[PDB]
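Asker: Provided herewith: entry.cif, mmCIF, N, CA and C atoms.
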```cif
data_model
#
loop_
_atom_site.label_atom_id
_atom_site.label_comp_id
_atom_site.auth_asym_id
_atom_site.auth_seq_id
_atom_site.Cartn_x
_atom_site.Cartn_y
_atom_site.Cartn_z
N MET A 1 3.21 47.60 249.28
CA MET A 1 2.96 46.15 249.15
C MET A 1 1.46 45.88 249.04
N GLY A 2 0.97 45.79 247.81
CA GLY A 2 -0.44 45.55 247.60
C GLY A 2 -0.90 46.03 246.24
N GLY A 3 -2.21 46.14 246.06
CA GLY A 3 -2.74 46.57 244.78
C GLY A 3 -3.71 47.73 244.94
N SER A 4 -3.42 48.83 244.25
CA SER A 4 -4.26 50.01 244.32
C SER A 4 -4.78 50.38 242.93
N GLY A 5 -6.09 50.56 242.81
CA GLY A 5 -6.68 50.87 241.53
C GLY A 5 -8.02 51.56 241.68
N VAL A 6 -8.35 52.43 240.74
CA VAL A 6 -9.61 53.15 240.79
C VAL A 6 -10.74 52.31 240.20
N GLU A 7 -11.75 52.04 241.01
CA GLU A 7 -12.91 51.28 240.55
C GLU A 7 -14.00 52.24 240.10
N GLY A 8 -14.59 51.96 238.95
CA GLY A 8 -15.65 52.79 238.43
C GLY A 8 -16.53 52.05 237.45
N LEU A 9 -17.80 51.88 237.80
CA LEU A 9 -18.73 51.16 236.95
C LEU A 9 -19.54 52.12 236.10
N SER A 10 -19.69 51.78 234.82
CA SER A 10 -20.45 52.59 233.90
C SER A 10 -21.89 52.08 233.79
N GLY A 11 -22.75 52.89 233.20
CA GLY A 11 -24.13 52.50 233.00
C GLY A 11 -24.85 53.53 232.16
N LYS A 12 -25.82 53.09 231.37
CA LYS A 12 -26.57 54.00 230.52
C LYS A 12 -27.41 54.95 231.36
N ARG A 13 -27.45 56.21 230.96
CA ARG A 13 -28.20 57.21 231.69
C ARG A 13 -29.44 57.63 230.90
N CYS A 14 -30.51 57.93 231.62
CA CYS A 14 -31.72 58.45 231.00
C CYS A 14 -32.35 59.50 231.90
N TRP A 15 -32.82 60.58 231.30
CA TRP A 15 -33.51 61.62 232.03
C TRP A 15 -34.98 61.59 231.66
N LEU A 16 -35.85 61.81 232.63
CA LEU A 16 -37.27 61.76 232.37
C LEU A 16 -37.98 62.97 232.96
N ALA A 17 -38.81 63.58 232.13
CA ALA A 17 -39.66 64.68 232.55
C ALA A 17 -41.12 64.27 232.38
N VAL A 18 -41.47 63.18 233.03
CA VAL A 18 -42.81 62.64 232.98
C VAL A 18 -43.59 63.09 234.20
N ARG A 19 -44.71 63.76 233.97
CA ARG A 19 -45.53 64.27 235.06
C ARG A 19 -46.51 63.20 235.51
N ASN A 20 -46.64 62.16 234.70
CA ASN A 20 -47.46 61.01 235.04
C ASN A 20 -46.68 60.11 236.00
N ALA A 21 -46.96 60.26 237.29
CA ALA A 21 -46.17 59.60 238.33
C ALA A 21 -46.28 58.08 238.26
N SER A 22 -47.49 57.57 238.12
CA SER A 22 -47.70 56.14 238.04
C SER A 22 -47.07 55.57 236.77
N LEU A 23 -47.25 56.28 235.67
CA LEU A 23 -46.68 55.88 234.39
C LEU A 23 -45.16 55.90 234.44
N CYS A 24 -44.60 57.00 234.93
CA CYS A 24 -43.15 57.19 234.94
C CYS A 24 -42.48 56.14 235.82
N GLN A 25 -43.13 55.79 236.92
CA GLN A 25 -42.61 54.78 237.82
C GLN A 25 -42.59 53.41 237.14
N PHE A 26 -43.59 53.15 236.31
CA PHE A 26 -43.68 51.89 235.59
C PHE A 26 -42.54 51.76 234.58
N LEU A 27 -42.39 52.77 233.72
CA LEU A 27 -41.39 52.72 232.66
C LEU A 27 -39.98 52.77 233.22
N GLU A 28 -39.76 53.60 234.23
CA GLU A 28 -38.42 53.77 234.78
C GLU A 28 -37.93 52.49 235.45
N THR A 29 -38.83 51.77 236.11
CA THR A 29 -38.46 50.52 236.77
C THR A 29 -38.19 49.42 235.75
N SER A 30 -39.01 49.39 234.69
CA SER A 30 -38.84 48.40 233.63
C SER A 30 -37.49 48.58 232.93
N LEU A 31 -37.06 49.83 232.83
CA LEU A 31 -35.80 50.16 232.18
C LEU A 31 -34.62 49.95 233.14
N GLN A 32 -34.85 50.25 234.42
CA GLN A 32 -33.80 50.13 235.43
C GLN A 32 -33.40 48.67 235.64
N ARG A 33 -34.27 47.76 235.23
CA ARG A 33 -33.99 46.33 235.32
C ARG A 33 -32.80 45.96 234.43
N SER A 34 -32.43 46.87 233.54
CA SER A 34 -31.30 46.66 232.65
C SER A 34 -30.01 47.23 233.26
N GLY A 35 -30.16 47.98 234.34
CA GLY A 35 -29.00 48.62 234.95
C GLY A 35 -28.86 50.07 234.53
N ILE A 36 -29.83 50.55 233.77
CA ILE A 36 -29.85 51.93 233.33
C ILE A 36 -30.32 52.83 234.47
N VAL A 37 -29.69 53.99 234.62
CA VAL A 37 -30.02 54.90 235.71
C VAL A 37 -30.82 56.10 235.20
N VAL A 38 -32.01 56.27 235.76
CA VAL A 38 -32.88 57.37 235.37
C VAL A 38 -32.80 58.51 236.38
N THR A 39 -33.04 59.72 235.91
CA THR A 39 -33.06 60.90 236.76
C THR A 39 -34.04 61.94 236.22
N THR A 40 -34.78 62.56 237.13
CA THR A 40 -35.75 63.58 236.77
C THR A 40 -35.08 64.79 236.11
N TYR A 41 -35.57 65.18 234.95
CA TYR A 41 -35.00 66.30 234.22
C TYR A 41 -35.76 67.59 234.54
N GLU A 42 -35.14 68.44 235.34
CA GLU A 42 -35.71 69.73 235.68
C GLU A 42 -34.80 70.85 235.15
N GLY A 43 -34.24 71.64 236.05
CA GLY A 43 -33.31 72.67 235.65
C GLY A 43 -31.90 72.13 235.54
N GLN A 44 -31.73 71.15 234.66
CA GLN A 44 -30.44 70.49 234.49
C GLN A 44 -29.95 70.65 233.06
N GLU A 45 -28.69 70.32 232.84
CA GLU A 45 -28.08 70.47 231.52
C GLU A 45 -28.26 69.19 230.70
N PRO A 46 -28.84 69.33 229.49
CA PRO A 46 -29.03 68.20 228.57
C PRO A 46 -27.71 67.65 228.04
N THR A 47 -27.57 66.34 228.06
CA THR A 47 -26.36 65.69 227.59
C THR A 47 -26.53 65.11 226.19
N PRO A 48 -25.53 65.34 225.32
CA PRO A 48 -25.54 64.87 223.92
C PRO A 48 -25.64 63.35 223.79
N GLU A 49 -25.21 62.62 224.82
CA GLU A 49 -25.26 61.17 224.78
C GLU A 49 -26.40 60.62 225.63
N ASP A 50 -27.29 61.51 226.06
CA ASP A 50 -28.41 61.10 226.90
C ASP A 50 -29.74 61.39 226.21
N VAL A 51 -30.79 60.72 226.67
CA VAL A 51 -32.11 60.87 226.08
C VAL A 51 -33.10 61.47 227.08
N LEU A 52 -34.05 62.24 226.56
CA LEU A 52 -35.06 62.87 227.40
C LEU A 52 -36.43 62.25 227.16
N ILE A 53 -36.90 61.49 228.12
CA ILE A 53 -38.22 60.89 228.05
C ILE A 53 -39.25 61.84 228.65
N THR A 54 -40.08 62.43 227.81
CA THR A 54 -41.00 63.47 228.24
C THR A 54 -42.45 63.01 228.12
N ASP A 55 -43.31 63.54 228.98
CA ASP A 55 -44.73 63.19 228.94
C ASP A 55 -45.59 64.43 228.72
N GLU A 56 -46.62 64.28 227.89
CA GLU A 56 -47.53 65.34 227.54
C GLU A 56 -46.81 66.55 226.95
N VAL A 57 -47.09 67.73 227.48
CA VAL A 57 -46.54 68.97 226.94
C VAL A 57 -45.66 69.67 227.96
N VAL A 58 -44.36 69.68 227.70
CA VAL A 58 -43.41 70.33 228.58
C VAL A 58 -42.75 71.50 227.87
N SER A 59 -42.67 72.64 228.55
CA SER A 59 -42.14 73.86 227.96
C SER A 59 -40.62 73.78 227.76
N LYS A 60 -39.93 73.04 228.62
CA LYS A 60 -38.49 72.88 228.50
C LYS A 60 -38.15 71.80 227.48
N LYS A 61 -37.07 72.02 226.74
CA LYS A 61 -36.65 71.07 225.72
C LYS A 61 -35.34 70.40 226.10
N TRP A 62 -34.74 69.71 225.14
CA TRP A 62 -33.55 68.92 225.38
C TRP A 62 -32.64 68.97 224.16
N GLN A 63 -31.35 69.11 224.41
CA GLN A 63 -30.35 69.06 223.36
C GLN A 63 -29.36 67.95 223.65
N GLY A 64 -29.56 66.80 223.03
CA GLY A 64 -28.72 65.66 223.31
C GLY A 64 -28.87 64.56 222.27
N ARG A 65 -28.97 63.33 222.75
CA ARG A 65 -29.08 62.17 221.86
C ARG A 65 -30.42 62.16 221.14
N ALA A 66 -31.50 62.10 221.91
CA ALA A 66 -32.84 62.05 221.34
C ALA A 66 -33.89 62.37 222.40
N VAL A 67 -35.08 62.72 221.95
CA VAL A 67 -36.19 62.99 222.86
C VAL A 67 -37.35 62.06 222.55
N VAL A 68 -37.96 61.51 223.58
CA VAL A 68 -39.09 60.61 223.42
C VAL A 68 -40.28 61.16 224.20
N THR A 69 -41.15 61.87 223.51
CA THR A 69 -42.27 62.54 224.16
C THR A 69 -43.60 61.84 223.86
N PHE A 70 -44.28 61.43 224.92
CA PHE A 70 -45.57 60.76 224.79
C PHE A 70 -46.69 61.69 225.21
N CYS A 71 -47.36 62.30 224.25
CA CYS A 71 -48.47 63.19 224.53
C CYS A 71 -49.78 62.58 224.05
N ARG A 72 -50.89 63.13 224.52
CA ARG A 72 -52.20 62.65 224.10
C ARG A 72 -52.48 63.03 222.65
N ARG A 73 -52.08 64.24 222.27
CA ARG A 73 -52.32 64.74 220.92
C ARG A 73 -51.17 65.63 220.44
N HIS A 74 -50.40 66.18 221.40
CA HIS A 74 -49.25 67.06 221.11
C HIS A 74 -49.73 68.45 220.68
N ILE A 75 -49.11 69.48 221.24
CA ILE A 75 -49.43 70.86 220.87
C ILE A 75 -48.16 71.58 220.42
N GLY A 76 -47.51 72.29 221.34
CA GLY A 76 -46.29 73.01 221.01
C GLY A 76 -45.05 72.15 221.17
N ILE A 77 -45.23 70.85 221.06
CA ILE A 77 -44.13 69.90 221.19
C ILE A 77 -43.72 69.38 219.82
N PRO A 78 -42.40 69.35 219.53
CA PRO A 78 -41.87 68.78 218.29
C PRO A 78 -42.49 67.43 217.96
N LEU A 79 -43.29 67.41 216.90
CA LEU A 79 -44.06 66.23 216.54
C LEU A 79 -43.23 65.27 215.68
N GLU A 80 -42.07 64.88 216.20
CA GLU A 80 -41.17 63.99 215.48
C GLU A 80 -40.76 64.63 214.15
N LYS A 81 -41.07 63.95 213.05
CA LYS A 81 -40.69 64.38 211.70
C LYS A 81 -39.26 64.91 211.67
N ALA A 82 -38.37 64.15 212.30
CA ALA A 82 -36.97 64.50 212.40
C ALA A 82 -36.21 63.35 213.05
N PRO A 83 -35.04 62.99 212.52
CA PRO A 83 -34.20 61.92 213.07
C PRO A 83 -33.57 62.31 214.41
N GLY A 84 -34.41 62.47 215.42
CA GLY A 84 -33.93 62.84 216.74
C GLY A 84 -35.08 63.08 217.70
N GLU A 85 -36.21 63.50 217.16
CA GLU A 85 -37.41 63.72 217.96
C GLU A 85 -38.37 62.57 217.74
N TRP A 86 -38.91 62.03 218.83
CA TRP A 86 -39.84 60.93 218.75
C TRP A 86 -41.16 61.30 219.43
N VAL A 87 -42.19 61.51 218.63
CA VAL A 87 -43.51 61.78 219.17
C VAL A 87 -44.34 60.50 219.17
N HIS A 88 -45.12 60.30 220.21
CA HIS A 88 -45.95 59.11 220.31
C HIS A 88 -47.12 59.36 221.25
N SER A 89 -48.23 58.69 221.01
CA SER A 89 -49.39 58.82 221.88
C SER A 89 -49.30 57.82 223.03
N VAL A 90 -49.75 58.25 224.20
CA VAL A 90 -49.79 57.38 225.37
C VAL A 90 -50.94 56.38 225.28
N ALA A 91 -50.89 55.52 224.27
CA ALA A 91 -51.93 54.52 224.05
C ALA A 91 -51.87 53.44 225.12
N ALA A 92 -50.65 53.02 225.44
CA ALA A 92 -50.43 52.01 226.45
C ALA A 92 -49.05 52.20 227.06
N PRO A 93 -48.92 52.04 228.38
CA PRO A 93 -47.64 52.19 229.09
C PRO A 93 -46.49 51.41 228.43
N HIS A 94 -46.78 50.24 227.86
CA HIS A 94 -45.74 49.39 227.27
C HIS A 94 -45.13 50.00 226.01
N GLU A 95 -45.75 51.06 225.49
CA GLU A 95 -45.27 51.70 224.27
C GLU A 95 -43.95 52.43 224.52
N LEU A 96 -43.81 52.98 225.72
CA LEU A 96 -42.65 53.79 226.06
C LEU A 96 -41.36 52.95 226.19
N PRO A 97 -41.34 51.91 227.06
CA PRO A 97 -40.13 51.11 227.28
C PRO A 97 -39.66 50.42 226.00
N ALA A 98 -40.61 50.09 225.13
CA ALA A 98 -40.30 49.47 223.85
C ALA A 98 -39.59 50.45 222.93
N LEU A 99 -40.09 51.69 222.89
CA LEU A 99 -39.49 52.73 222.08
C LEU A 99 -38.09 53.06 222.59
N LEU A 100 -37.95 53.11 223.91
CA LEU A 100 -36.67 53.39 224.55
C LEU A 100 -35.63 52.35 224.15
N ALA A 101 -36.02 51.08 224.20
CA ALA A 101 -35.13 49.99 223.85
C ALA A 101 -34.69 50.08 222.39
N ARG A 102 -35.62 50.46 221.52
CA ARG A 102 -35.32 50.60 220.10
C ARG A 102 -34.34 51.74 219.85
N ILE A 103 -34.53 52.85 220.54
CA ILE A 103 -33.70 54.03 220.36
C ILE A 103 -32.29 53.81 220.91
N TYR A 104 -32.20 53.17 222.07
CA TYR A 104 -30.92 52.96 222.73
C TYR A 104 -30.23 51.69 222.23
N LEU A 105 -30.82 51.08 221.20
CA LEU A 105 -30.28 49.87 220.59
C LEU A 105 -30.09 48.76 221.62
N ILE A 106 -31.16 48.46 222.33
CA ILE A 106 -31.16 47.38 223.31
C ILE A 106 -31.61 46.09 222.63
N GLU A 107 -31.27 44.95 223.23
CA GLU A 107 -31.61 43.65 222.66
C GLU A 107 -33.13 43.50 222.47
N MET A 108 -33.89 44.02 223.42
CA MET A 108 -35.35 43.90 223.38
C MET A 108 -35.99 45.09 222.68
N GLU A 109 -35.45 45.46 221.53
CA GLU A 109 -35.95 46.61 220.78
C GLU A 109 -37.31 46.31 220.16
N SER A 110 -37.45 45.11 219.58
CA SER A 110 -38.72 44.63 219.04
C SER A 110 -39.23 45.49 217.87
N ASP A 111 -40.50 45.28 217.51
CA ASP A 111 -41.09 45.95 216.35
C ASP A 111 -42.59 46.17 216.58
N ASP A 112 -43.17 47.13 215.87
CA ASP A 112 -44.59 47.44 216.00
C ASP A 112 -45.41 46.53 215.09
N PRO A 113 -46.47 45.90 215.64
CA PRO A 113 -47.32 44.98 214.88
C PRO A 113 -48.23 45.70 213.88
N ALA A 114 -48.40 47.01 214.08
CA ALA A 114 -49.29 47.82 213.25
C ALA A 114 -50.69 47.22 213.22
N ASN A 115 -51.33 47.18 214.38
CA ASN A 115 -52.62 46.53 214.51
C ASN A 115 -53.76 47.42 214.02
N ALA A 116 -54.28 47.08 212.85
CA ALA A 116 -55.40 47.79 212.26
C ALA A 116 -56.35 46.82 211.58
N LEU A 117 -57.60 47.21 211.42
CA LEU A 117 -58.59 46.38 210.75
C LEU A 117 -59.30 47.18 209.66
N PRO A 118 -59.18 46.73 208.40
CA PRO A 118 -59.78 47.42 207.25
C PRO A 118 -61.30 47.35 207.25
N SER A 119 -61.93 48.43 207.67
CA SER A 119 -63.38 48.50 207.71
C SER A 119 -63.92 49.21 206.47
N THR A 120 -63.80 48.56 205.32
CA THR A 120 -64.28 49.11 204.07
C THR A 120 -65.79 48.95 203.92
N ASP A 121 -66.40 48.30 204.90
CA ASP A 121 -67.84 48.09 204.92
C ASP A 121 -68.32 48.07 206.36
#
```
Before we go any further, please render this structure as structure tokens.

Answerer:
Amino acid sequence: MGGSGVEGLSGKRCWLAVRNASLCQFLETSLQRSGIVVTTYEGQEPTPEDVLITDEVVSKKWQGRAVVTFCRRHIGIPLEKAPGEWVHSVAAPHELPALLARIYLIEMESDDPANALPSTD
């Protein structure tokens, strides 16, 4: 006499291998405001439906949805040039959460203003 049912809430997952503690805390919290759950990617198994947010140069890679690596210049890291790898410079902390939203098809995906000034003289 009653009602029995299995309760289970879903949510987008993200793994991060950011060694920049202050930076990673900023981006992860900004993203978690959406209900997305982040987890540090160490000796774990990469998920095909999950993304790897990486900082600088990390020897371990990822096999899944996509990788978003923010390095100063990039060395032995896949420099994008492929529909799955995203290379970007850590110009500003806000660059990461914006890219994440675009990749995960979030409402706040936005667009790049391409801010440049033609100094032909």

Asker: What gap, in Å, lies between atom CA of residue A:32 and atom CA of residue A:58?

Answerer: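 These two atoms are separated by 23.4 Å.
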
Asker: Provide the atom N of residue A:75 to atom N of residue A:96 distance in Å, to one decimal place.

Answerer: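 Taking atom N of residue A:75 and atom N of residue A:96, their separation equals 17.9 Å.
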
Asker: What gap, in Å, lies between atom N of residue A:86 and atom CA of residue A:43?

Answerer: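 Computed distance, atom N of residue A:86 to atom CA of residue A:43, equals 20.7 Å.
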
Asker: Looking only at the backbone, which of the residues in stretch 48-115 of chain A does DSSP tag as strand (DSSP E or B), as a list in words?

Answerer: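 Everything in stretch 48-115 of chain A that counts as strand (DSSP E or B) is residues 51, 52, 53, 54, 55, 66, 67, 68, 69, 70, 71, 85, 86, 87, 88 and 89 of chain A.
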
Asker: Taking (-33.2, 63.9, 230.3) in the file's coordinates, which residues come within 7 Å, counting only N, CA and C atoms, written as JSON, numbers by chain?

Answerer: {"A": [14, 15, 16, 17, 39, 40, 41, 46, 47, 50, 51, 52, 53]}

Asker: Could you dump the residues just selected with N, CA and C atoms as a PDB file, keeping the file's coordinate frame?

Answerer:
```
ATOM      1  N   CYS A  14     -30.510  57.930 231.620  1.00  0.00           N
ATOM      2  CA  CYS A  14     -31.720  58.450 231.000  1.00  0.00           C
ATOM      3  C   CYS A  14     -32.350  59.500 231.900  1.00  0.00           C
ATOM      4  N   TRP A  15     -32.820  60.580 231.300  1.00  0.00           N
ATOM      5  CA  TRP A  15     -33.510  61.620 232.030  1.00  0.00           C
ATOM      6  C   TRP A  15     -34.980  61.590 231.660  1.00  0.00           C
ATOM      7  N   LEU A  16     -35.850  61.810 232.630  1.00  0.00           N
ATOM      8  CA  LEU A  16     -37.270  61.760 232.370  1.00  0.00           C
ATOM      9  C   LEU A  16     -37.980  62.970 232.960  1.00  0.00           C
ATOM     10  N   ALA A  17     -38.810  63.580 232.130  1.00  0.00           N
ATOM     11  CA  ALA A  17     -39.660  64.680 232.550  1.00  0.00           C
ATOM     12  C   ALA A  17     -41.120  64.270 232.380  1.00  0.00           C
ATOM     13  N   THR A  39     -33.040  59.720 235.910  1.00  0.00           N
ATOM     14  CA  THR A  39     -33.060  60.900 236.760  1.00  0.00           C
ATOM     15  C   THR A  39     -34.040  61.940 236.220  1.00  0.00           C
ATOM     16  N   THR A  40     -34.780  62.560 237.130  1.00  0.00           N
ATOM     17  CA  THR A  40     -35.750  63.580 236.770  1.00  0.00           C
ATOM     18  C   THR A  40     -35.080  64.790 236.110  1.00  0.00           C
ATOM     19  N   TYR A  41     -35.570  65.180 234.950  1.00  0.00           N
ATOM     20  CA  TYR A  41     -35.000  66.300 234.220  1.00  0.00           C
ATOM     21  C   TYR A  41     -35.760  67.590 234.540  1.00  0.00           C
ATOM     22  N   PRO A  46     -28.840  69.330 229.490  1.00  0.00           N
ATOM     23  CA  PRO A  46     -29.030  68.200 228.570  1.00  0.00           C
ATOM     24  C   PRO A  46     -27.710  67.650 228.040  1.00  0.00           C
ATOM     25  N   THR A  47     -27.570  66.340 228.060  1.00  0.00           N
ATOM     26  CA  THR A  47     -26.360  65.690 227.590  1.00  0.00           C
ATOM     27  C   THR A  47     -26.530  65.110 226.190  1.00  0.00           C
ATOM     28  N   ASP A  50     -27.290  61.510 226.060  1.00  0.00           N
ATOM     29  CA  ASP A  50     -28.410  61.100 226.900  1.00  0.00           C
ATOM     30  C   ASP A  50     -29.740  61.390 226.210  1.00  0.00           C
ATOM     31  N   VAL A  51     -30.790  60.720 226.670  1.00  0.00           N
ATOM     32  CA  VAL A  51     -32.110  60.870 226.080  1.00  0.00           C
ATOM     33  C   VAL A  51     -33.100  61.470 227.080  1.00  0.00           C
ATOM     34  N   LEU A  52     -34.050  62.240 226.560  1.00  0.00           N
ATOM     35  CA  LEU A  52     -35.060  62.870 227.400  1.00  0.00           C
ATOM     36  C   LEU A  52     -36.430  62.250 227.160  1.00  0.00           C
ATOM     37  N   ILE A  53     -36.900  61.490 228.120  1.00  0.00           N
ATOM     38  CA  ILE A  53     -38.220  60.890 228.050  1.00  0.00           C
ATOM     39  C   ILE A  53     -39.250  61.840 228.650  1.00  0.00           C
TER      40      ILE A  53
END
```

Asker: Between A:64, A:36, A:79, A:57, which one has atoms that come closest to residue A:10, using only N, CA and C atoms?

Answerer: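 Once distances to residue A:10 are computed over only N, CA and C atoms, the minimum belongs to A:36.
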
Asker: Do a neighbour search on residue A:76 at 12 Å with only C-alpha atoms, toss out local chain neighbours closer than 4 positions, and write the hits as a CSV table (one decimal) with N, CA and C atoms, keeping the file's coordinate frame.

Answerer:
```
chain,number,residue,atom,x,y,z
A,56,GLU,N,-46.6,64.3,227.9
A,56,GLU,CA,-47.5,65.3,227.5
A,56,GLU,C,-46.8,66.6,227.0
A,57,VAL,N,-47.1,67.7,227.5
A,57,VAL,CA,-46.5,69.0,226.9
A,57,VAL,C,-45.7,69.7,228.0
A,58,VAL,N,-44.4,69.7,227.7
A,58,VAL,CA,-43.4,70.3,228.6
A,58,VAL,C,-42.8,71.5,227.9
A,59,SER,N,-42.7,72.6,228.6
A,59,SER,CA,-42.1,73.9,228.0
A,59,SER,C,-40.6,73.8,227.8
A,60,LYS,N,-39.9,73.0,228.6
A,60,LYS,CA,-38.5,72.9,228.5
A,60,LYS,C,-38.2,71.8,227.5
A,61,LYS,N,-37.1,72.0,226.7
A,61,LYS,CA,-36.6,71.1,225.7
A,61,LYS,C,-35.3,70.4,226.1
A,69,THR,N,-41.2,61.9,223.5
A,69,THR,CA,-42.3,62.5,224.2
A,69,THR,C,-43.6,61.8,223.9
A,71,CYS,N,-47.4,62.3,224.2
A,71,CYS,CA,-48.5,63.2,224.5
A,71,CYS,C,-49.8,62.6,224.0
A,80,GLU,N,-42.1,64.9,216.2
A,80,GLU,CA,-41.2,64.0,215.5
A,80,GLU,C,-40.8,64.6,214.2
A,87,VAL,N,-42.2,61.5,218.6
A,87,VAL,CA,-43.5,61.8,219.2
A,87,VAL,C,-44.3,60.5,219.2
```

Asker: Restricting the calculation to all atoms listed in the file: of A:35, A:98, A:24, A:78, which residue gets closest to residue A:11?

Answerer: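 Smallest distance to residue A:11 is found for A:35.
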
Asker: Apply DSSP to the structure's backbone, then extract all residues of chain A labelled alpha helix (DSSP H) and return them as number ranges by chain.

Answerer: A: 21-32, 95-103

Asker: For the file shown, what are the residues hit by the PyMOL selection byres (((chain A and resi 92 and name CA) around 12) and name CA), laid out as number ranges by chain?

Answerer: A: 23, 26-27, 70-72, 88-91, 93-99

Asker: Keeping N, CA and C atoms for every residue in the selection just given, could you write it to a file as an mmCIF file, in the coordinates of the input?

Answerer:
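Generated file (part35.cif):
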```
data_model
loop_
_atom_site.group_PDB
_atom_site.id
_atom_site.type_symbol
_atom_site.label_atom_id
_atom_site.label_comp_id
_atom_site.auth_asym_id
_atom_site.auth_seq_id
_atom_site.Cartn_x
_atom_site.Cartn_y
_atom_site.Cartn_z
ATOM 1 N N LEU A 23 -47.250 56.280 235.670
ATOM 2 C CA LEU A 23 -46.680 55.880 234.390
ATOM 3 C C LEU A 23 -45.160 55.900 234.440
ATOM 4 N N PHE A 26 -43.590 53.150 236.310
ATOM 5 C CA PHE A 26 -43.680 51.890 235.590
ATOM 6 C C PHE A 26 -42.540 51.760 234.580
ATOM 7 N N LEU A 27 -42.390 52.770 233.720
ATOM 8 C CA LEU A 27 -41.390 52.720 232.660
ATOM 9 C C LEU A 27 -39.980 52.770 233.220
ATOM 10 N N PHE A 70 -44.280 61.430 224.920
ATOM 11 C CA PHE A 70 -45.570 60.760 224.790
ATOM 12 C C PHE A 70 -46.690 61.690 225.210
ATOM 13 N N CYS A 71 -47.360 62.300 224.250
ATOM 14 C CA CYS A 71 -48.470 63.190 224.530
ATOM 15 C C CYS A 71 -49.780 62.580 224.050
ATOM 16 N N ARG A 72 -50.890 63.130 224.520
ATOM 17 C CA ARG A 72 -52.200 62.650 224.100
ATOM 18 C C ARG A 72 -52.480 63.030 222.650
ATOM 19 N N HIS A 88 -45.120 60.300 220.210
ATOM 20 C CA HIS A 88 -45.950 59.110 220.310
ATOM 21 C C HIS A 88 -47.120 59.360 221.250
ATOM 22 N N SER A 89 -48.230 58.690 221.010
ATOM 23 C CA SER A 89 -49.390 58.820 221.880
ATOM 24 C C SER A 89 -49.300 57.820 223.030
ATOM 25 N N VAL A 90 -49.750 58.250 224.200
ATOM 26 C CA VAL A 90 -49.790 57.380 225.370
ATOM 27 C C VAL A 90 -50.940 56.380 225.280
ATOM 28 N N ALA A 91 -50.890 55.520 224.270
ATOM 29 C CA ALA A 91 -51.930 54.520 224.050
ATOM 30 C C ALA A 91 -51.870 53.440 225.120
ATOM 31 N N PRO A 93 -48.920 52.040 228.380
ATOM 32 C CA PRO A 93 -47.640 52.190 229.090
ATOM 33 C C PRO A 93 -46.490 51.410 228.430
ATOM 34 N N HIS A 94 -46.780 50.240 227.860
ATOM 35 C CA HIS A 94 -45.740 49.390 227.270
ATOM 36 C C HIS A 94 -45.130 50.000 226.010
ATOM 37 N N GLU A 95 -45.750 51.060 225.490
ATOM 38 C CA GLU A 95 -45.270 51.700 224.270
ATOM 39 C C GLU A 95 -43.950 52.430 224.520
ATOM 40 N N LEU A 96 -43.810 52.980 225.720
ATOM 41 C CA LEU A 96 -42.650 53.790 226.060
ATOM 42 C C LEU A 96 -41.360 52.950 226.190
ATOM 43 N N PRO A 97 -41.340 51.910 227.060
ATOM 44 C CA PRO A 97 -40.130 51.110 227.280
ATOM 45 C C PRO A 97 -39.660 50.420 226.000
ATOM 46 N N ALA A 98 -40.610 50.090 225.130
ATOM 47 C CA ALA A 98 -40.300 49.470 223.850
ATOM 48 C C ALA A 98 -39.590 50.450 222.930
ATOM 49 N N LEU A 99 -40.090 51.690 222.890
ATOM 50 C CA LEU A 99 -39.490 52.730 222.080
ATOM 51 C C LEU A 99 -38.090 53.060 222.590
#
```

Asker: Can you translate the PyMOL selection byres (((chain A and resi 103 and name CA) around 10) and name CA) into the concrete residues it hits in this file, as a list in words?

Answerer: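 Applying the PyMOL selection byres (((chain A and resi 103 and name CA) around 10) and name CA) to the structure shown produces residues 51, 65, 66, 67, 68, 84, 86, 97, 98, 99, 100, 101, 102, 104, 105, 106 and 109 of chain A.
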